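Subsequent text provides structure tokens for two forms of one protein chain, presented individually as structure 1 and structure 2.
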Structure 1
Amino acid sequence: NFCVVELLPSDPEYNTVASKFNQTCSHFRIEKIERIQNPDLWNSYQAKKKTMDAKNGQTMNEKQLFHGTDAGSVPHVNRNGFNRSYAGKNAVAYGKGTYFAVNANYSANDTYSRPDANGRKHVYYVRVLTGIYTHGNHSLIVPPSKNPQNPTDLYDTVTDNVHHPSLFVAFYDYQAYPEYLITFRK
């Protein structure tokens, strides 16, 4: 179960999200920003965060990243996050997983945030447990092993460019929490 709370332009939380979005997407008109409150999904995300925070030392395991999707996926994502049956997984080049962008402009592409019948576009500002990452490749269904001599000990995510990332691919449930939905237009 979940709730959706629309944020008022005056709210500092609205400002924070909007500021991030407008670094690359100020040419768009923001209609609204909503917080998604799904307790079970959040708890499960935090449970993953705790285990990663113990394991990776000084690593800042969490990033806030963007994900565009069609209107029709919003119900699915609000309930289940970016889980196995999430339809928006046609990008394959860095792995078969869910893609998140460092900057909003990637996610604002019409192929990802498909405008609906009323012209509105949908981008989530998502907490993602990027952890320790490496370069992705087309064949991945889970991250690569850190050392091939232990095939079961894997990276947390993959990226297009390890030292200047523009995207991250996550492969597991509870690795991303869909905290805010930004509804906007041209």
Structure 2
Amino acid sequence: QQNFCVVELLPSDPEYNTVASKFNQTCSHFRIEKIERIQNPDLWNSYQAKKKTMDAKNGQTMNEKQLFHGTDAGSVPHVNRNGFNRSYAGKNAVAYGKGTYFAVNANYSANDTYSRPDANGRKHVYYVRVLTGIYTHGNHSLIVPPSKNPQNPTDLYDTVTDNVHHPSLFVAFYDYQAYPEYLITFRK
């Protein structure tokens, strides 16, 4: 279930200049070793279904952003199979899951705290399609999606950010809200 393939994106492939250019806006001091495309049909189809629903509701809003997420090597196969979906006890009592964080700029995700260097010094950051939708600033203490309207408090925001008009990060909460399209492997 949610089987996947991994294909190297070569420097000569159409999308390389764009993916590398975005990473290099803030990470040009690192050296890129490989960029790969993650091809997971079930995960892609489910993400696209969520995108279609959001596009049909949010008017002019550009619901998708491409953001970064650094992780340790041991999490890579999990992300490739499951994306950023989470399962745990009591998830189904409430309308959302535990937040998953993404950065606007690659250098944030390139921190060793996130993209932990592996045994060979290799660091791993995904360039992820994320349905940011309609967002507000995150709660300071209760890390859940806030209500949009005190008169309708089960209607929740799609994501939260640190700063509504100058974001540096986004937090996603819902299933199939993100697709791990590209994996960038790099070194100091």
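Counting starts at 1 with the first residue of structure 1 and goes up one by one along its sequence. We call the rigid core whatever largest set of C-alpha positions still superposes within 1.5 Å between the two forms.
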(request) Of 60, 54, 141, 47, only one moves its C-alpha by 2 angstroms or more between structures 1 and 2 once the rigid core is aligned, so tell me which. (result) 141
(request) Align both forms on the core first, then report whether residue 89 has a C-alpha shift of 2 Å or more between structures 1 and 2. (result) yes
(request) Can you read me the CA shift for residue 18 between structures 1 and 2, rigid core superposed, in Å? (result) 0.3
